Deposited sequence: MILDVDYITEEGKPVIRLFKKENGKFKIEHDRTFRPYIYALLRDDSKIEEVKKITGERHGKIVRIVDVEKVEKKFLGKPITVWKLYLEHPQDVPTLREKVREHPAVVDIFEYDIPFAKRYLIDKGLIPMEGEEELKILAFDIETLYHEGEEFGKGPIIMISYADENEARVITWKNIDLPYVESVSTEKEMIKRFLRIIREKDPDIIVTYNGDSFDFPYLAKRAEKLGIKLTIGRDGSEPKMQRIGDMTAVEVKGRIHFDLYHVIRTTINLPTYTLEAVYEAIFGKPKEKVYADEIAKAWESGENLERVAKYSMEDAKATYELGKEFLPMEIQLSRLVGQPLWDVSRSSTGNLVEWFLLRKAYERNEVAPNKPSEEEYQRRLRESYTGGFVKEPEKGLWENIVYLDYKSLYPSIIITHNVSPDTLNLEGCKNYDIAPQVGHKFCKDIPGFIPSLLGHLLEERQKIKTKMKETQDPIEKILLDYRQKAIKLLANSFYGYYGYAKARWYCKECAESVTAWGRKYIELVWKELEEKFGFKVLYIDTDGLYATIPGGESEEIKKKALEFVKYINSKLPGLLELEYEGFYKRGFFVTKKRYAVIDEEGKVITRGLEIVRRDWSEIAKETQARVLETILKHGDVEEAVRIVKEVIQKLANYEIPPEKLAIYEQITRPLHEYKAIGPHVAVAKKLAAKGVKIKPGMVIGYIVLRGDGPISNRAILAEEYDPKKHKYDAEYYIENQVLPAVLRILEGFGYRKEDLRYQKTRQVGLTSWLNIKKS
């Protein structure tokens, strides 16, 4: 197996190193028969002897242009010949190139900014995390004392916890009568246990949580000070900070520092991403947090520290557990992409796709277009591309509603009309379809670079969804489940790619035509659904829509629906396809992205809607409409409220303005600052107006009523 790749310089020369993991062995391969490079497009290959002499001048030394044999590739489909001008060090590159696009004989230069080790795995076809070796996973978190003010690292490290598959400890330097804490004389020794531990344990992957930004550099700052090498890599070297997106990461030699944070912050969209926030969302249970309740430590070394311990063993076990979960996704994106996980982990899906293409461009012998200049890229931030539908809803309480899904509408549009910058209004094609409203024309005589790739992603995703339904090893099954969810994440992000400012394969027209092609099928389904099948369409949304037959009998609407889906697929082109998503006993659609519904089994989904006078009231409202089908009873419920408020009869309990009550807490040494737990309590025109009404008032526009009377 592979884990990583980087290069060292052994004097004026670059060397690739491979961290392989191999049958309980761990090691290093250095390869030195590999060299840096770029392409030059040329005026007349004849110059070749003129455009080699190009000198540089780096480090107080002379860069030059080593060996330069001629090659034949393809660009956007078109065969085209060019000059592979090789080099010596990948740093000879940033110093050579400008001299070259600035030479009269050269038209363009290409692939001039690919990091070396990345260029290495792609050109040699190597894929990281490939095997099926048992990686050793270890997670850890640390706990501090946020001093009176803010330096970062004046607060000692109160605790150091860690976790894995056998246990989860906490290492600390105070006394705590717990079976899973380990006490050690000082904070110097705490750090040492930790080091000795990663030594006995020796993990291949170390999992943290915002350890990039916190756990790791806190540790460092707090040792460049206490006289202790953070001997954490496998070559017995310390964690090292590395540049990435503008923010700043930590690679750890021989092991893989995988920082949960950057990874979660993607799949499931989330209000906040506190560990607790995250830990809940994915397996339910709950946690505990908002601190500086470290009083247990500070003078006032009162117990309760027993509490705090519990919490560290927690920060970890949680961290470990999400890691085990969110990790296979990333192992897989790394695998599809052909790059390394400390890397893969830290890049937008936008980017994973780009490496997905640099790699599929080498494999099929196609020069990669260059990234955008600052200017071409300045434009792009120019907006408004164009995304499909959202038309307004047939208002009203409806019942026996049916929801119809498009099986991956965009990956499907792209594949079917061969939408691609490289098929785009290409000259003299003989076969071609035309983008609905904007006339862009995508040729059809030849697959299209992204279309064939996408088609192949979708085709391998079916071989996995299919093999699963067949498998009894539950190990193979979850693993396959992983392969698929990744291909899926990836296949689904090409749309946005086309729209990406920095995509090398930018093509806003490819993006407009999909969106637009998107509108035409929706409609069509919408027509057909209403005309040929007598349904009233209730509300369309970018991939699908809700429908029914007013007053219609319910296990008929289902069956007419079922029926209509097989009617339509036969009318839809290539691989466009609708599917039957769900049946909801009732629902109503206020407007654009506000609406609600409940299924045959009492569950309520609502997006766009949702104090405790409102909370309790907006919900009684909801029950009545959904569960008991009644609009009156609920106004009948806003009323018996707008009136217990102007009558004044409701527990002083459902109310829990800012700033304002660090107005009495000022006695308790309660030196509150914008980061201290506070679940604090706080008109008539209020409660009824700034409060109750707006929260029951959106739902209701939906039936026309209005604040007045309501009052």
Handout entry: Unmodelled ranges, which are counted on the deposited sequence from position 1 and given in order
Key = 611 to 616, 663 to 678, 705 to 728, 758 to 775
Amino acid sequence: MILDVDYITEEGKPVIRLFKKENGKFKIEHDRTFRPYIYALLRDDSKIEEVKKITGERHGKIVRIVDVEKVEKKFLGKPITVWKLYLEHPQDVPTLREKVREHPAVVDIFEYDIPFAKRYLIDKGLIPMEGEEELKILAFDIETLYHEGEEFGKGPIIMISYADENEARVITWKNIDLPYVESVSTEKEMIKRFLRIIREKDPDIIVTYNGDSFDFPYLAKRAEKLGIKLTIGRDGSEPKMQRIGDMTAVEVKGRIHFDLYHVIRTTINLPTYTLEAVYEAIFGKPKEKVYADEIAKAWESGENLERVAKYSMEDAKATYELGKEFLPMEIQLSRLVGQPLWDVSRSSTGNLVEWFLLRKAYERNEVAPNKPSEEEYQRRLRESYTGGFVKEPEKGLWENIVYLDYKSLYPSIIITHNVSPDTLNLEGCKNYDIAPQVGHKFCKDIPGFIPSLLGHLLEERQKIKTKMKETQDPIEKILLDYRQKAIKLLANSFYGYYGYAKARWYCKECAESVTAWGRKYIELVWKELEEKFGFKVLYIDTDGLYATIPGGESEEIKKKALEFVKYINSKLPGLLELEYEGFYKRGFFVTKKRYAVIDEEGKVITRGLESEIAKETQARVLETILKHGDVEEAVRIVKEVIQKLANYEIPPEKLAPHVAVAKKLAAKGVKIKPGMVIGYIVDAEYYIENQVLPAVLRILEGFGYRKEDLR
From here on, numbers count along this sequence of modelled residues.
Exercise for the section: Check the entry's C-alpha temperature factors for 684 to 692 and 8 to 16, then say which stretch has the higher mean. Expected result: 684 to 692
Exercise for the section: On mean C-alpha B-factor from the PDB entry, just flag whether 531 to 539 or 99 to 107 is the higher one. Expected result: 99 to 107
Problem - Selection by C-alpha B-factor (highest) of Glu354, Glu579, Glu325, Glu612 - result: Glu612
Fill in the blank from the handout: For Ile549, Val631, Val263, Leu524, the deposited C-alpha B-factor is largest at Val631
Problem - Chain third (lowest, middle, highest) by recorded CA B-factor, residue given as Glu306 - result: highest
Problem - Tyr218 - Cα temperature factor, lowest/middle/highest third of chain - result: middle
Exercise for the section: Place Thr272 in the lowest, middle or highest third of its chain's C-alpha B-factors, as listed in the PDB entry. Expected result: highest
Handout entry: Chain third (lowest, middle, highest) by recorded CA B-factor, residue given as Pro179
Key = highest
Practice task
Could you tell me which third, lowest, middle or highest, the C-alpha B-factor of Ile244 occupies within its chain?
Solution key: highest
